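S.K.: 3D, please:
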Amino acid sequence: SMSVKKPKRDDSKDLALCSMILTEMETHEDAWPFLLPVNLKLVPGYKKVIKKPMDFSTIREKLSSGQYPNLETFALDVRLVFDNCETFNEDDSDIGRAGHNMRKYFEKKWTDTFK
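M.R.: Numbers count the residues shown, from 1 in each chain. Coordinates below:
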């Protein structure tokens, strides 16, 4: 509350560390469905169904330009990528499996880097 604060966690490396995670997600062999925004002209149903499209290149530009206020807003966008994927793709599909794999890969890096 006013003039009552928990001890100050060092957040000075968070930007660099999110960048490293994101590089590791970019270079994963199963990243290919997620590298670029879904082409809304060429994929019927995407625009109407997926209310907030998100992809790794868009996260990279947001990260690089100071549009994440803290590491939690960064994780919310990464998770959005996988939540969108599950919304649109059957589990038993190459893309559906890719999204589960990448979400797992992310969540472990997230826990190991920050928890």
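
S.K.: what's the helix or strand for the residue nearest the centre of the chain?
M.R.: Closest to where the C-alpha atoms of the chain average out (Cα atoms, centre = their mean) is residue 78, at 1.2 Å. Under the criterion of DSSP states H and E, residue 78 resides in helix 71-88.

S.K.: Check which helices and strands that helix is in contact with.
M.R.: For helix 71-88, the contact count by 3 or more Cβ pairs under 8 Å, 6 or more residues apart in numbering; DSSP states H and E identifies helix 14-27, helix 46-49, helix 56-64, helix 94-114 as packing neighbours. All C-beta spots, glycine's among them, are computed from the backbone N, C-alpha and C.

S.K.: Show me how far the first one is from its chain's centre.
M.R.: Remark: helix 14-27 is offset 10 Å from the chain centroid, using Cα atoms, centre = their mean, to the nearest Å.

S.K.: who does that helix touch, helix- and strand-wise?
M.R.: Applying 3+ Cβ pairs under 8 Å, 6+ apart, one finds that helix 14-27 contacts helix 56-64, helix 71-88, helix 94-114.

S.K.: now the ones you listed as TSV including distance to residue 19?
M.R.: TSV is the format used below for these (distance: least, Cβ to Cβ, whole Å):
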stretch	distance to residue 19
helix 56-64	6
helix 71-88	10
helix 94-114	11
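
S.K.: re earlier: which among the helices and strands packed on helix 71-88 is found nearest to residue 36?
M.R.: Ranking the helices and strands packed on helix 71-88 by proximity to residue 36 (Cβ to Cβ) places helix 56-64 first, at 5.4 Å.

S.K.: hang on, the earlier thing: tell me which of the helices and strands packed on helix 71-88 sits nearest to residue 86.
M.R.: helix 94-114 (6.1 Å).
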